[PDB]
Amino acid sequence: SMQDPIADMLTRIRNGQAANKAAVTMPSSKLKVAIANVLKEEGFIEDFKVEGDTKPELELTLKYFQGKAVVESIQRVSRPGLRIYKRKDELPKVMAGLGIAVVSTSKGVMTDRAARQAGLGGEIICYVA
Amino acid sequence: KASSXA
Amino acid sequence: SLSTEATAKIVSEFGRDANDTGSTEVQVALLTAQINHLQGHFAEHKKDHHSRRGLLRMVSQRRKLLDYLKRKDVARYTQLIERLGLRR
RNA sequence: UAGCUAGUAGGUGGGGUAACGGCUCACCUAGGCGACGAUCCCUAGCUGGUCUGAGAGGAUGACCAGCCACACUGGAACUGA
RNA sequence: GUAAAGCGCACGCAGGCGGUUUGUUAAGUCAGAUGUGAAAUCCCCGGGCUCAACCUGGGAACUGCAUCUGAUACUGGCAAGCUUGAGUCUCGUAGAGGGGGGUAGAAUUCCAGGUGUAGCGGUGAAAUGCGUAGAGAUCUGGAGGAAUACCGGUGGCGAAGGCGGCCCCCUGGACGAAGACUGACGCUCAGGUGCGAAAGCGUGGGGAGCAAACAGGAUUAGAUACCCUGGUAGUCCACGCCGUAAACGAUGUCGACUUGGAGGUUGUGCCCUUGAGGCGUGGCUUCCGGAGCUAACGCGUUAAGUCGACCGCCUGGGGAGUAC
RNA sequence: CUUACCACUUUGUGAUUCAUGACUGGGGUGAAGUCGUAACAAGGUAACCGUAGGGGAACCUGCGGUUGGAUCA
Ligand SMILES: [Mg+2]
Ligand SMILES: [Mg+2]
Ligand SMILES: [Mg+2]
Ligand SMILES: [Mg+2]
Ligand SMILES: [Mg+2]
Ligand SMILES: [Mg+2]
Ligand SMILES: [Mg+2]
Ligand SMILES: [Mg+2]
Ligand SMILES: [Mg+2]
Ligand SMILES: [Mg+2]
Ligand SMILES: [Mg+2]
Ligand SMILES: [Mg+2]
Ligand SMILES: [Mg+2]
Ligand SMILES: [Mg+2]
Ligand SMILES: [Mg+2]
Ligand SMILES: [Mg+2]
């Protein structure tokens, strides 16, 4: 049955982007948003939107460019089957830098750049480039 | 397998 | 499978009201009744393996509910098993 | 190799050691271990390091240095810090 | 999927994994600090032997461990929730789904009798075989077992294996429609248990047709076969057993996301139901094809596409799925 | 002197493991051997799978299953 919403979110993006979908919706969550936040804040999506009362509904509007989408690739790193945490020195660098790695820290869900600067690390959620 | 010998 | 009135009784015996048809205790009894009833069907017949499958599903199901409830309200658990005369 | 365990697991009190302790002994409890692999088989000194490998790994424990064990084979104590 | 590789099919304890909100905890996780991580070695920069090997000062390194102090996103523990996963209820639909008991009509075979007269049967052609002791054909009657033509479908139901005349009894699941109720009760599953074609095995029945074995006639160089005439176990029933199949989609289960077209079947909503009908909304099931995937063939919303959770399995051909 | 502990050793019976053994089972490897020609084409009886029976040998035959069968059947 369904055992990882974060992973699904990422693939939902990945299939949406592929399908030239203008936007993508899904059941929302606290953590699901924090990711949208980093995604918008770092410019991979136009913006988030949470239209819900009892059943939150996270909507994402995709970005495109030349003739191709913006999110080149996005893959779940840490998993429910295999948790991945890294320290400050050890935080990853997707695409030699020109790409991000979403990490959860005791001061919140930030860029790898961000956590690095903030001198801390934590569960690394996913790569996006 | 196996004529003149062999 | 089970008589409309008969089910209806069991609803208003283990539920907080009739219409409380989905209560954990209720669900257990409806099975238990049916289980106990099919007991005689498989008293003769025996070779009816396809039907017996349904029976086991009912026992399995019943087992996953009771364990759920032991885990929530033991008091309700301890009572429900004495109240249906089972579990040992 | 799926069971293993009588000083066995704990306790109490005596004894005992440089010292804590079933270390030992008497009694009372009936415990203790194991699928996170006990038990029983096979093989083996451990480490710093060595060799290889981009790395993770794989292989290895001569020579140097640390630790352990042994001294013809089995066993025992005496002397003594 | 076809190269080695998805257990024949499920149920399910342990394990792994786990929707959504808040509080709380601070185990995981992250931060800092302080201890320690022998020297040698590797590395860096120097110095000394004529150089080098070698020797050597200092440093870096020892990516580890422990402790103390903080952090609280995520994970876990605990509290209390929530309704979208899951399940219960009501009413209906289709169906060779299962178990048990009846019963019917075609046909084969045999038994008895009538008519009848020289052939029948069989093959490529023949013969064995059956017929003048009357066969074959034909009519009447009777006994008996097995299977269910047409319907029939590119069909339906079942976890799989599988289930086709008709009727009743007992009984399992599925789907739809509205809601109401329960409030994460879930997914996967080593081990375990259960089901499991056909053949086969045990006991007792039954035995028409069919037919391993076997016999006879043919064929052939031979013919331990193919073919012909015969024909027993078996095929049938009960009860127990076996546990394997190219048990195949050679494709594990569950969930999510991702252009289209044409069928089948079973529901259900709406249009003066106007009458062939029309547009919607489910379930199951086929054909074709885009991206994408693929070594290719091909798969393609019933993926072999894009992802996650758990399981089973593969590691050159053979030896061998054999031996112990 | 005597008691406890205890080494050698002794007795019975098992377990395992190594070596070996008349004879025996298949397996592997060795240019042209003998017998047939089973498979590959519709391989001249489509092939193959499980099972059963039979036969110098491949194999044959029965029951069900598969397409990984060629053909205007
Ligand atoms: Mg004492
Ligand atoms: Mg004392
Ligand atoms: Mg040794
Ligand atoms: Mg490697
Ligand atoms: Mg000695
Ligand atoms: Mg002394
Ligand atoms: Mg294969
Ligand atoms: Mg299968
Ligand atoms: Mg050092
Ligand atoms: Mg928490
Ligand atoms: Mg029999
Ligand atoms: Mg098999
Ligand atoms: Mg196609
Ligand atoms: Mg074997
Ligand atoms: Mg041939
Ligand atoms: Mg042939």
# chains A, B, ... in the order shown; residues from 1 in each chain; ligands from 1
call {"tool": "residues_near_ligand", "arguments": {"ligand": "ligand 6", "cutoff": "9 Å", "atoms": "only C-alpha atoms (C1' of nucleotides) and all ligand atoms", "output": "MDAnalysis selection string"}}
result
chainID D and resid 78:80
call {"tool": "write_last_selection", "arguments": {"atoms": "C-alpha atoms (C1' of nucleotides)", "output": "PDB file, in the first residue's frame"}}
result
ATOM      1  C1'   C D  78      56.148 -24.550  46.340  1.00  0.00           C
ATOM      2  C1'   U D  79      59.527 -20.157  46.853  1.00  0.00           C
ATOM      3  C1'   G D  80      58.360 -15.108  46.095  1.00  0.00           C
TER       4        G D  80
END
call {"tool": "select_by_dssp", "arguments": {"residues": "chain A", "states": "strand (DSSP E)", "output": "PyMOL selection string"}}
result
chain A and resi 23-27+57-61+74-76+85-86+100-105+108-110+122-128
call {"tool": "write_last_selection", "arguments": {"atoms": "N, CA and C atoms", "output": "tab-separated table (two decimals), in the first residue's frame"}}
result
chain	number	residue	atom	x	y	z
A	23	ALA	N	0.41	21.97	-14.14
A	23	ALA	CA	0.47	21.90	-12.69
A	23	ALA	C	0.23	20.47	-12.18
A	24	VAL	N	0.33	20.30	-10.87
A	24	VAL	CA	0.21	19.00	-10.24
A	24	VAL	C	-0.36	19.19	-8.88
A	25	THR	N	-1.37	18.40	-8.52
A	25	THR	CA	-1.95	18.47	-7.18
A	25	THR	C	-1.73	17.16	-6.44
A	26	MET	N	-2.02	17.15	-5.15
A	26	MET	CA	-1.83	15.98	-4.32
A	26	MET	C	-2.28	16.25	-2.90
A	27	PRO	N	-2.62	15.19	-2.14
A	27	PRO	CA	-2.81	15.32	-0.69
A	27	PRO	C	-1.60	15.97	0.00
A	57	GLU	N	-4.90	19.98	0.29
A	57	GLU	CA	-4.63	19.59	-1.09
A	57	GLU	C	-3.53	20.45	-1.69
A	58	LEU	N	-2.31	19.92	-1.65
A	58	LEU	CA	-1.12	20.61	-2.15
A	58	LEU	C	-1.08	20.65	-3.66
A	59	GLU	N	-1.03	21.86	-4.21
A	59	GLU	CA	-0.91	22.08	-5.65
A	59	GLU	C	0.44	22.69	-6.01
A	60	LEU	N	1.05	22.19	-7.07
A	60	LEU	CA	2.32	22.73	-7.55
A	60	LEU	C	2.20	23.12	-9.01
A	61	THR	N	2.66	24.31	-9.34
A	61	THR	CA	2.67	24.75	-10.73
A	61	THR	C	4.08	24.57	-11.27
A	74	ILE	N	14.93	14.58	-10.53
A	74	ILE	CA	14.63	14.66	-9.11
A	74	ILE	C	14.45	13.25	-8.58
A	75	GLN	N	15.20	12.89	-7.54
A	75	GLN	CA	15.24	11.49	-7.12
A	75	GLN	C	15.24	11.41	-5.60
A	76	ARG	N	14.50	10.46	-5.04
A	76	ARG	CA	14.46	10.33	-3.59
A	76	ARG	C	15.74	9.68	-3.09
A	85	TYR	N	21.27	10.21	6.56
A	85	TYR	CA	21.60	11.48	7.22
A	85	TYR	C	23.08	11.75	6.99
A	86	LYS	N	23.45	13.01	6.76
A	86	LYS	CA	24.86	13.36	6.62
A	86	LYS	C	25.24	14.55	7.52
A	100	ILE	N	20.66	21.29	-6.30
A	100	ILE	CA	20.48	21.28	-4.85
A	100	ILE	C	20.22	19.90	-4.25
A	101	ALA	N	20.24	19.88	-2.92
A	101	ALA	CA	19.97	18.69	-2.14
A	101	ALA	C	19.20	19.11	-0.89
A	102	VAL	N	17.92	18.78	-0.88
A	102	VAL	CA	17.02	19.18	0.19
A	102	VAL	C	17.35	18.41	1.47
A	103	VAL	N	17.72	19.11	2.55
A	103	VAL	CA	18.03	18.43	3.82
A	103	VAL	C	17.17	18.94	4.97
A	104	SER	N	16.66	18.03	5.80
A	104	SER	CA	15.94	18.40	7.00
A	104	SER	C	16.92	18.55	8.17
A	105	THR	N	16.85	19.68	8.88
A	105	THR	CA	17.71	19.95	10.05
A	105	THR	C	16.91	20.43	11.24
A	108	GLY	N	15.24	23.32	10.56
A	108	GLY	CA	14.31	23.27	9.44
A	108	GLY	C	14.80	22.72	8.09
A	109	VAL	N	13.86	22.63	7.15
A	109	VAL	CA	14.08	22.09	5.79
A	109	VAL	C	14.65	23.14	4.80
A	110	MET	N	15.95	23.05	4.61
A	110	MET	CA	16.74	24.03	3.89
A	110	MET	C	17.60	23.44	2.74
A	122	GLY	N	21.65	16.95	8.39
A	122	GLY	CA	20.53	16.13	8.81
A	122	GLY	C	20.07	15.25	7.68
A	123	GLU	N	18.90	14.63	7.85
A	123	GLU	CA	18.36	13.74	6.83
A	123	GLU	C	18.28	14.48	5.52
A	124	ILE	N	18.89	13.89	4.50
A	124	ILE	CA	18.86	14.51	3.20
A	124	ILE	C	17.72	13.85	2.44
A	125	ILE	N	16.73	14.68	2.11
A	125	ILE	CA	15.47	14.20	1.56
A	125	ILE	C	15.63	13.79	0.12
A	126	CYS	N	16.19	14.67	-0.71
A	126	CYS	CA	16.26	14.39	-2.15
A	126	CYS	C	17.14	15.35	-2.92
A	127	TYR	N	17.56	14.89	-4.09
A	127	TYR	CA	18.27	15.70	-5.05
A	127	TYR	C	17.30	16.31	-6.05
A	128	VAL	N	17.61	17.50	-6.52
A	128	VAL	CA	16.87	18.10	-7.61
A	128	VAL	C	17.84	18.89	-8.45
call {"tool": "residues_around", "arguments": {"residues": "residue 3 (chain B)", "least_positions_apart": "6", "cutoff": "9 Å", "atoms": "only C-alpha atoms (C1' of nucleotides)", "output": "JSON, numbers by chain"}}
result
{"F": [31, 32, 33]}
call {"tool": "write_last_selection", "arguments": {"atoms": "N, CA and C atoms (P, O5', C5', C4', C3', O3' and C1' of nucleotides)", "output": "PDB file, in the first residue's frame"}}
result
ATOM      1  P     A F  31      39.280 -36.095 -29.995  1.00  0.00           P
ATOM      2  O5'   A F  31      39.837 -36.225 -31.468  1.00  0.00           O
ATOM      3  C5'   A F  31      39.636 -37.404 -32.218  1.00  0.00           C
ATOM      4  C4'   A F  31      39.107 -37.050 -33.568  1.00  0.00           C
ATOM      5  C3'   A F  31      38.553 -38.175 -34.395  1.00  0.00           C
ATOM      6  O3'   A F  31      37.292 -38.614 -33.923  1.00  0.00           O
ATOM      7  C1'   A F  31      39.846 -36.746 -35.759  1.00  0.00           C
ATOM      8  P     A F  32      36.960 -40.188 -33.764  1.00  0.00           P
ATOM      9  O5'   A F  32      36.222 -40.532 -35.126  1.00  0.00           O
ATOM     10  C5'   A F  32      36.247 -39.583 -36.173  1.00  0.00           C
ATOM     11  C4'   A F  32      35.646 -40.091 -37.441  1.00  0.00           C
ATOM     12  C3'   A F  32      35.465 -41.598 -37.480  1.00  0.00           C
ATOM     13  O3'   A F  32      34.163 -41.911 -36.980  1.00  0.00           O
ATOM     14  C1'   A F  32      36.875 -40.918 -39.250  1.00  0.00           C
ATOM     15  P     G F  33      33.424 -43.336 -37.067  1.00  0.00           P
ATOM     16  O5'   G F  33      34.475 -44.427 -36.597  1.00  0.00           O
ATOM     17  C5'   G F  33      34.822 -45.509 -37.449  1.00  0.00           C
ATOM     18  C4'   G F  33      34.671 -46.847 -36.766  1.00  0.00           C
ATOM     19  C3'   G F  33      33.271 -47.405 -36.706  1.00  0.00           C
ATOM     20  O3'   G F  33      32.916 -48.021 -37.928  1.00  0.00           O
ATOM     21  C1'   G F  33      34.275 -47.603 -34.591  1.00  0.00           C
TER      22        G F  33
END
call {"tool": "atom_distance", "arguments": {"atom1": "CA of residue 6 (chain A)", "atom2": "CA of residue 47 (chain A)"}}
result
17.4 Å
call {"tool": "residues_around", "arguments": {"residues": "region 71-88 of chain C", "least_positions_apart": "2", "cutoff": "9 Å", "atoms": "only C-alpha atoms (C1' of nucleotides)", "output": "ChimeraX atom specification"}}
result
/C:25,28-29,32,66-69
call {"tool": "interface_residues", "arguments": {"of": "chain E", "to": "chain A", "cutoff": "8 Å", "atoms": "only C-alpha atoms (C1' of nucleotides)", "output": "PDB file with C-alpha atoms (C1' of nucleotides), in the first residue's frame"}}
result
ATOM      1  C1'   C E  17       7.715  -0.789   6.366  1.00  0.00           C
ATOM      2  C1'   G E  18       3.664   2.623   7.586  1.00  0.00           C
ATOM      3  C1'   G E  19      -1.664   7.906   6.085  1.00  0.00           C
ATOM      4  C1'   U E  20      -2.896  12.922   8.649  1.00  0.00           C
ATOM      5  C1'   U E  29      19.613  12.356  13.912  1.00  0.00           C
ATOM      6  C1'   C E  30      22.507  17.219  13.829  1.00  0.00           C
ATOM      7  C1'   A E  31      25.842  20.938  16.665  1.00  0.00           C
ATOM      8  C1'   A E  71      19.315  21.649  18.710  1.00  0.00           C
ATOM      9  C1'   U E  72      14.069  19.294  17.655  1.00  0.00           C
ATOM     10  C1'   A E  73      13.085  19.458  10.965  1.00  0.00           C
ATOM     11  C1'   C E  74      12.837  14.195  10.040  1.00  0.00           C
ATOM     12  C1'   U E  84      -8.595  10.149   2.685  1.00  0.00           C
ATOM     13  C1'   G E  85      -6.017   3.653   3.430  1.00  0.00           C
ATOM     14  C1'   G E 186      -2.636  -1.092   7.122  1.00  0.00           C
ATOM     15  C1'   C E 187       1.115  -3.357   3.083  1.00  0.00           C
ATOM     16  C1'   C E 254       0.409  -3.844  -2.548  1.00  0.00           C
ATOM     17  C1'   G E 255       0.107   1.549  -3.585  1.00  0.00           C
ATOM     18  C1'   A E 256       0.853   6.152  -6.435  1.00  0.00           C
ATOM     19  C1'   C E 257       1.745   8.950 -10.930  1.00  0.00           C
ATOM     20  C1'   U E 258       2.026   9.288 -16.634  1.00  0.00           C
ATOM     21  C1'   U E 306       7.809   6.915 -13.782  1.00  0.00           C
ATOM     22  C1'   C E 307       8.272   5.688  -8.095  1.00  0.00           C
ATOM     23  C1'   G E 308       7.857   3.412  -3.065  1.00  0.00           C
ATOM     24  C1'   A E 309       7.301  -1.112   0.656  1.00  0.00           C
TER      25        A E 309
END
call {"tool": "residues_near_ligand", "arguments": {"ligand": "ligand 4", "cutoff": "12 Å", "atoms": "only C-alpha atoms (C1' of nucleotides) and all ligand atoms", "output": "VMD selection string"}}
result
chain D and resid 52 to 53 55 to 59
call {"tool": "write_last_selection", "arguments": {"atoms": "N, CA, C and O atoms (P, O5', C5', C4', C3', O3' and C1' of nucleotides)", "output": "PDB file, in the first residue's frame"}}
result
ATOM      1  P     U D  52      50.927  -2.249  -3.406  1.00  0.00           P
ATOM      2  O5'   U D  52      49.511  -2.501  -4.085  1.00  0.00           O
ATOM      3  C5'   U D  52      49.299  -3.584  -4.970  1.00  0.00           C
ATOM      4  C4'   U D  52      47.833  -3.867  -5.103  1.00  0.00           C
ATOM      5  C3'   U D  52      46.978  -2.687  -5.544  1.00  0.00           C
ATOM      6  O3'   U D  52      46.982  -2.558  -6.962  1.00  0.00           O
ATOM      7  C1'   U D  52      45.990  -3.755  -3.660  1.00  0.00           C
ATOM      8  P     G D  53      46.770  -1.147  -7.701  1.00  0.00           P
ATOM      9  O5'   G D  53      45.314  -0.700  -7.253  1.00  0.00           O
ATOM     10  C5'   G D  53      44.149  -1.305  -7.791  1.00  0.00           C
ATOM     11  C4'   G D  53      42.910  -0.801  -7.088  1.00  0.00           C
ATOM     12  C3'   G D  53      42.753   0.708  -6.969  1.00  0.00           C
ATOM     13  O3'   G D  53      42.349   1.353  -8.166  1.00  0.00           O
ATOM     14  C1'   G D  53      42.230  -0.303  -4.904  1.00  0.00           C
ATOM     15  P     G D  55      42.349   5.161  -3.226  1.00  0.00           P
ATOM     16  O5'   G D  55      40.902   5.074  -2.575  1.00  0.00           O
ATOM     17  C5'   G D  55      40.326   6.225  -1.975  1.00  0.00           C
ATOM     18  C4'   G D  55      38.820   6.182  -2.004  1.00  0.00           C
ATOM     19  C3'   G D  55      38.188   5.060  -1.199  1.00  0.00           C
ATOM     20  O3'   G D  55      38.021   5.444   0.154  1.00  0.00           O
ATOM     21  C1'   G D  55      37.205   5.186  -3.369  1.00  0.00           C
ATOM     22  P     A D  56      38.181   4.381   1.347  1.00  0.00           P
ATOM     23  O5'   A D  56      36.850   3.539   1.279  1.00  0.00           O
ATOM     24  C5'   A D  56      35.603   4.178   1.459  1.00  0.00           C
ATOM     25  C4'   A D  56      34.481   3.283   1.027  1.00  0.00           C
ATOM     26  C3'   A D  56      34.612   1.835   1.467  1.00  0.00           C
ATOM     27  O3'   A D  56      34.262   1.605   2.823  1.00  0.00           O
ATOM     28  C1'   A D  56      34.108   1.896  -0.823  1.00  0.00           C
ATOM     29  P     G D  57      34.767   0.258   3.554  1.00  0.00           P
ATOM     30  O5'   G D  57      34.125  -0.861   2.632  1.00  0.00           O
ATOM     31  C5'   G D  57      34.714  -2.139   2.545  1.00  0.00           C
ATOM     32  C4'   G D  57      34.626  -2.709   1.159  1.00  0.00           C
ATOM     33  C3'   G D  57      35.427  -3.979   1.008  1.00  0.00           C
ATOM     34  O3'   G D  57      34.702  -5.100   1.453  1.00  0.00           O
ATOM     35  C1'   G D  57      36.059  -2.478  -0.681  1.00  0.00           C
ATOM     36  P     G D  58      35.413  -6.147   2.429  1.00  0.00           P
ATOM     37  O5'   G D  58      36.406  -6.902   1.447  1.00  0.00           O
ATOM     38  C5'   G D  58      35.888  -7.579   0.314  1.00  0.00           C
ATOM     39  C4'   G D  58      36.987  -8.072  -0.576  1.00  0.00           C
ATOM     40  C3'   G D  58      38.090  -8.838   0.129  1.00  0.00           C
ATOM     41  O3'   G D  58      37.752 -10.188   0.409  1.00  0.00           O
ATOM     42  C1'   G D  58      39.058  -7.205  -1.254  1.00  0.00           C
ATOM     43  P     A D  59      38.304 -10.906   1.745  1.00  0.00           P
ATOM     44  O5'   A D  59      39.881 -10.967   1.503  1.00  0.00           O
ATOM     45  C5'   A D  59      40.413 -11.796   0.481  1.00  0.00           C
ATOM     46  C4'   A D  59      41.896 -11.594   0.289  1.00  0.00           C
ATOM     47  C3'   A D  59      42.735 -11.779   1.538  1.00  0.00           C
ATOM     48  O3'   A D  59      42.996 -13.139   1.849  1.00  0.00           O
ATOM     49  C1'   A D  59      43.356  -9.765   0.493  1.00  0.00           C
TER      50        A D  59
END
call {"tool": "residues_near_ligand", "arguments": {"ligand": "ligand 3", "cutoff": "12 Å", "atoms": "only C-alpha atoms (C1' of nucleotides) and all ligand atoms", "output": "JSON, numbers by chain"}}
result
{"D": [43, 44, 45, 69, 70]}
call {"tool": "write_last_selection", "arguments": {"atoms": "C-alpha atoms (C1' of nucleotides)", "output": "PDB file, in the first residue's frame"}}
result
ATOM      1  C1'   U D  43      38.928 -23.001  10.803  1.00  0.00           C
ATOM      2  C1'   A D  44      42.048 -19.033  13.626  1.00  0.00           C
ATOM      3  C1'   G D  45      46.767 -15.691  17.908  1.00  0.00           C
ATOM      4  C1'   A D  69      49.300 -17.642  24.876  1.00  0.00           C
ATOM      5  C1'   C D  70      52.922 -21.588  25.052  1.00  0.00           C
TER       6        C D  70
END
